[PDB]
Amino acid sequence: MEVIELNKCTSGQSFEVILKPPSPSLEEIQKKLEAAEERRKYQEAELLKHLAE
Amino acid sequence: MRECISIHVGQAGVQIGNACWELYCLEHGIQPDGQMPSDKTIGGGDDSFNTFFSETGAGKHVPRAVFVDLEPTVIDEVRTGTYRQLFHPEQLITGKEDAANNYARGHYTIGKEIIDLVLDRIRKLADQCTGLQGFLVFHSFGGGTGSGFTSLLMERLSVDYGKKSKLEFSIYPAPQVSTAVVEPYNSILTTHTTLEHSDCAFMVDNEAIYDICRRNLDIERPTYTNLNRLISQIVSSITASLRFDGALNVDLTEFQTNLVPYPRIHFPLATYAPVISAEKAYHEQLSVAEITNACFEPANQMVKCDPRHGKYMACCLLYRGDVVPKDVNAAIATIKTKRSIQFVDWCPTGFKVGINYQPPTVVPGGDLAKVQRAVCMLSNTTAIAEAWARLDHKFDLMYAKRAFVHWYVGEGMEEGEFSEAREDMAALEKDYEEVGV
Amino acid sequence: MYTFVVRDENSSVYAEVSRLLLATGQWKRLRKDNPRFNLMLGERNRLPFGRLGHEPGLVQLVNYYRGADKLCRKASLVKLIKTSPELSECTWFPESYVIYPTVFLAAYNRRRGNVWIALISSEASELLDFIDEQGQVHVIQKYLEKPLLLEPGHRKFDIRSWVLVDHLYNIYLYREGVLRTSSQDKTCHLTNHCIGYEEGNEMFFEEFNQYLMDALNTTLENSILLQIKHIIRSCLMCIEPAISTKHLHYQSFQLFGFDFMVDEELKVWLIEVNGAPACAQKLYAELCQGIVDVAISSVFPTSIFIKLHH
Amino acid sequence: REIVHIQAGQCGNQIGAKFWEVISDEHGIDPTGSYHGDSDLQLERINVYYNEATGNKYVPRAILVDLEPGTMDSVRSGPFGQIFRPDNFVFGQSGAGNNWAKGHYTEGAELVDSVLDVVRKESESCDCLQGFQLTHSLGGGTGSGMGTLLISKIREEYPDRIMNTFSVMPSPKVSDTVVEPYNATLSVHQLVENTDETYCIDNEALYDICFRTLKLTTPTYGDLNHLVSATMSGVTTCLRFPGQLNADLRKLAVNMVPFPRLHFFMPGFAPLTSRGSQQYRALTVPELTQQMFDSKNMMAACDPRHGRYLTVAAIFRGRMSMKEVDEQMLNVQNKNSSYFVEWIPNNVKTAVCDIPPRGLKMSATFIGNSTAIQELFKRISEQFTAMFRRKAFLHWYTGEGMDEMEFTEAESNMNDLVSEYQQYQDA
Ligand SMILES: Nc1nc2c(ncn2[C@@H]2O[C@H](COP(=O)(O)OP(=O)(O)OP(=O)(O)O)[C@@H](O)[C@H]2O)c(=O)[nH]1
Ligand SMILES: Nc1ncnc2c1ncn2[C@@H]1O[C@H](COP(=O)(O)OP(=O)(O)CP(=O)(O)O)[C@@H](O)[C@H]1O
Ligand SMILES: Nc1nc2c(ncn2[C@@H]2O[C@H](COP(=O)(O)OP(=O)(O)O)[C@@H](O)[C@H]2O)c(=O)[nH]1
Ligand SMILES: COc1ccc(N(C)c2nc(Cl)nc3ccsc23)cc1
Ligand SMILES: [Ca+2]
Ligand SMILES: [Mg+2]
Ligand SMILES: [Mg+2]
């Protein structure tokens, strides 16, 4: 069990111990957000068109 | 000194953010008016606490934070709360219509309307940074804002701050305190879209925090307030290295280096001890060996799961209080003999240890007792994949019937995004499996 | 009223345990995928342990220990015996080796019995080529060249013991064992009663003890069973820290089948541990009723078991 | 997040008036609109249902509609009738004669623009309108025919707002005319397409409760409406008061409705009480829980054991142990798990509010989306066809310009609704 990298300061200390060694773009974002707004607008236009019948 | 900006998104993120910033002020001696008597660097300084606080010419220490919600109710309490003078009004961003527990409403419908404003308010804080390290992002998996708006913001932060680390503190959904039946959907949707944009994410399962509050604090039915004070203690343990002098986890880059050797497996398990009720008149103070041993008890983990049946890829112990390295190594040696701690064979079997001599701070009138020494263990163990398994299962039950999918499609999302997000999660569970057997 | 689900329909043992649970009027069976169960009689492979103990309002119990496969697969058991200091590299396990079809150069140090098993053979090559013609992993192990042989018949046998480990990690040895008798010679060397003196090729302990007093001058208890209890206790104590559910959010119990071979010095050896065993038809009723009393009713509320104390 | 309330026709205005009486009392508003209130929980979300006027008066965001002036005069004569904004009374003179066609196509059409003008004025003063709630019966002409006409027009002008209704289903045991099944079936067809959520308030169940449980020999509409006002108060709790949930109409819709057309709820209430007579022993949380799930407490005459709960919302009112509430709610699900669909995990959500309703220390309100609601629509479908097969009483409708084909489509759509509810009862 090996201790290493010990750093001490007035607030504390840190160290390491080894028990054992090893063995999208702004535009693409804009496109997806606007695609979804078009699907919303389409479906709402279908609703209003059906309410117009 | 390099600055860190905290971003709090949705109800869970905002309310947890308040708990953390209250605790940060107590730890650093910053009063609710933002004054700090011990900062002799008036109007500035490159001190460690300046990573999280800026300073006015008038000596006010102001969190490097922004709170964003798609409805005003929760942030309005920050605007009128104990620490209202702490935050600049531009830092508290509010909508009028929330996400209705709907990821697609947060990410697409309502989010697209407010994302530019949020990024300009973030840009304003970045402009006061001499060297920005990156972001700490707090949110729920289950909320419509926490899930959907957060993932939209994470994508834009990658575009606008390409070189900057992004860490997450994420609330995993639990039926005991959840508010929506579709939380499994929102969780998988936000995990899938966010996975590439996050360097390290600390998951907190509300089920784990709730039981810890019942068992160890004797709270009959914990509230968000009980949970958030406990959560803020864990968050404070994790961020202490950024706010105090020391040589372990001193910047956000070191969190990845020390805890995440493989990028997609970037969800370290947090374990915290000791949690002791303020009501216990007689408490025998726990030694280094006892609090360290408690780090391997599933009952003290932020996510209930069994690390004995996974493998470790990294392990850090963050002590606060009366702790010296010798007691730690003595405690580790005996714990190695008595416990199932299996590392992947391509990582060394070892612990990175940080000790801060200041014992944990407790909110006056809270539920946590003051203790002489405490420890937060952060281990990257494949066992945390149990939580993905649980969530993917619940997702599969509802989605097999397409139950509730029309609420998401009706917001402009496509059905294919559900299965795409669910496929990503399938690859994730497989990654953890290959690394853990 | 307690609830349970059945996810392995091919289990004789827990099919009888289901029948018994229902007949108390206090247990109702839910559907396989209903998660609001108290009891899971789980499937044998890929049992979903990570989904147990997350059901608020339900104490959950399952009839398998996660991680107990390390004891219950041929090549993991050898790995466990040779690498665990508790079971040294150990007087009661036959010498064993793992070999992969795509290292045990002590037969040469034998410089001379050399029977081994997977399957049996006397020449290293005869066996080595048998594992490669199959494809998966096999293990080879010394044959017990002088077993104890029952008279009349000169026969050979193995002893099965059933052991029940409860959620508290009490180790209970069922007092009824069974000897599997035998009447390229697989007919009287591989003792599986699947592979007619006593009914069905099974001698139970009462007859076998009577034999040991008549022929040898001893008892089943002194000459064999002490060794067996010692072996069971050693194996289960060794893996206890890896599999115990004492502080877990769900609890486990499990039934094991330990297979022993007795040699001519009245000396016991461990052959296999079976993690989904079956029972002798004479003993199903009693043993299954025991599983309910000790493992299920103790969680959801004289003895046919010997508690092995640790 | 403001709600706009609309009450239409005789039944709609009578149960509408009771609702405003009851919740005004819970929020500490008197008939003059003044707040003489004890707690401050009473005012925190008061804007969901009330406009504030100068002089700190609270005016309901309510619009009163009828093709006949009589029952709106009685409302204005009524106790809280002075609290409503007088401009929001919109009425004609000719009535609807219990005829869906008159309310929907001929009489109601003449008056519907005036109502939409009042709806618009109330909406333009809203900071963020949630949507609307309509009280009406399905068996008359005005609430049923003109109410569904209003819903259709409100949807055209506010397609992104939520539409919620409290719809009273007709019953032969409490019946005005033989044509109620016709009016109801034409209305359900409208409700299926154009509401996000409707509480099915079954006059059959209200009658059975009064007769059997409350031992009222001859129940009046006053006895029926006491049950209705208690149910309306309970199901609104999480819209009106602050809590761990802070619900609104869209979140209720999202979490209760897995498929758009299956949005018809069985409400339940406990303890069941008759008007005027008070009993002095509060229930135990265990008692509340059992009664609220008992078929004898459902306001829709359906047997829950004949179907499955897709989703359930439960609200407990009064000072009680939330720990005990949680345990009792977990108990009913774990003991009766077969009656909750396995493919919607955790489909039961509970909320608690400290303020109890008037006269009770403790109450439990139940909102169930159950496939057993199909029994309600089957019952109405049988009564419809019994007359429709002989085209009986149709001339009342063809005389207003309606075609038989329209009756065939509405019946066929309601049969499809029954099939869809049956589809998920077996999954
Ligand atoms: N630990 C903790 N979890 C919280 C808190 N507040 C909310 N949550 C969790 O967050 C989940 C819901 O997400 P929220 O953050 O509340 O919703 P939101 O982010 O405001 O998004 P909206 O849908 O628009 O409201 C619930 O399952 C809660 O368990 C909190 O203060 N502390
Ligand atoms: N080392 C050894 N020496 C002598 N006989 C041995 C032996 N190892 C095994 N045998 C005998 O040969 C048989 C080979 O069967 P094996 O042990 O593979 O079956 P099993 O015990 O896995 C079947 P089940 O799971 O039904 O109990 C054993 O049952 C035993 O009778
Ligand atoms: N519960 C209840 N039901 C009512 C009340 N008034 C009318 N109804 C029902 O409504 C139907 C009559 O429709 P009604 O609303 O009076 O006609 P409208 O004036 O055109 O709206 C009958 O079948 C009654 O059962 C009431 O006060 N309470
Ligand atoms: C099935 O899961 C859920 C069902 C319903 C809800 N919501 C939004 C509610 N909204 C209102 Cl207004 N009241 C109540 C009362 C109890 S829940 C609830 C949340 C989750
Ligand atoms: Ca300074
Ligand atoms: Mg919110
Ligand atoms: Mg009438």
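Throughout, a chain's letter reflects where its sequence line sits, starting with A, and its residues are numbered from 1. Side-chain atoms are counted along with the backbone in the values below, which use heavy atoms only and exclude waters and symmetry mates.
The pair B:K112-A:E37 meets the salt-bridge criterion, with a side-chain N (NZ, NE, NH1 or NH2) lying under 4.0 Å from an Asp/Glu carboxylate O. Comment: B:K394 does not engage B:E183 in a salt bridge, judged by the lack of any side-chain N to carboxylate O separation of less than 4.0 angstrom. The pair B:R214-B:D211 meets the salt-bridge criterion, with a side-chain N (NZ, NE, NH1 or NH2) lying under 4.0 Å from an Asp/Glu carboxylate O. Contact check on A:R40 versus D:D160 returns no salt bridge, with no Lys/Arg side-chain nitrogen under 4.0 Å from an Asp/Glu carboxylate oxygen. Checked for salt-bridge contact, B:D396 and B:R422 meet the test: a charged N lies under 4.0 Å from a carboxylate O.
Checked against a 6.0 Å centroid threshold, the rings of D:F293 and D:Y339 do not count as neighbours. Here B:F138 and B:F169 bring their ring centres to under 6.0 angstrom of each other.
Judged by distance alone, the side chain of B:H107 and the main-chain N or O of B:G148 form a donor-acceptor pair under 3.5 Å. Proximity of a side-chain donor or acceptor of B:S198 to a complementary backbone N or O of B:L195 within less than 3.5 Å is not detected. Put simply, the side chain of D:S337 never gets that close to the backbone of D:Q333: no donor and acceptor are under 3.5 Å apart.
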Checklist line | Worked verdict on C:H249 versus C:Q60 for side-chain hydrogen bond (donor to acceptor under 3.5 Å, both in side chains) | finding: CA-CA 8 Å; C:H249 42 286; C:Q60 298 194 306; over 6 Å; no
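A 6.0 Å sphere centred on CD of B:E433 holds no more than 12 heavy atoms belonging to other residues, nucleotides or ligands.
Every residue was checked against the salt bridge (charged side-chain N to carboxylate O under 4.0 Å, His left out) condition with A:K32, not counting sequence neighbours, and none meets it.
Side chains of D:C238 and D:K349 form no contact here, defined as non-hydrogen atoms less than 4.5 Å apart. When side chains are defined from C-beta on, B:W21 counts as touching B:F67, because their heavy atoms get closer than 4.5 Å.
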Return all side-chain donor-acceptor pairs below 3.5 angstrom for residues 412-421 of chain B, not counting sequence neighbours, or 'none' if the list is empty.
from: B:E414; atom 1: OE2; to: A:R39; atom 2: NH1; distance (Å): 3.2
from: B:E415; atom 1: OE1; to: B:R402; atom 2: NE; distance (Å): 3.4
from: B:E417; atom 1: OE1; to: B:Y108; atom 2: OH; distance (Å): 2.5
from: B:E417; atom 1: OE2; to: B:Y108; atom 2: OH; distance (Å): 3.4
from: B:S419; atom 1: OG; to: B:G416; atom 2: O; distance (Å): 3.0
from: B:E420; atom 1: OE2; to: B:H192; atom 2: NE2; distance (Å): 3.3

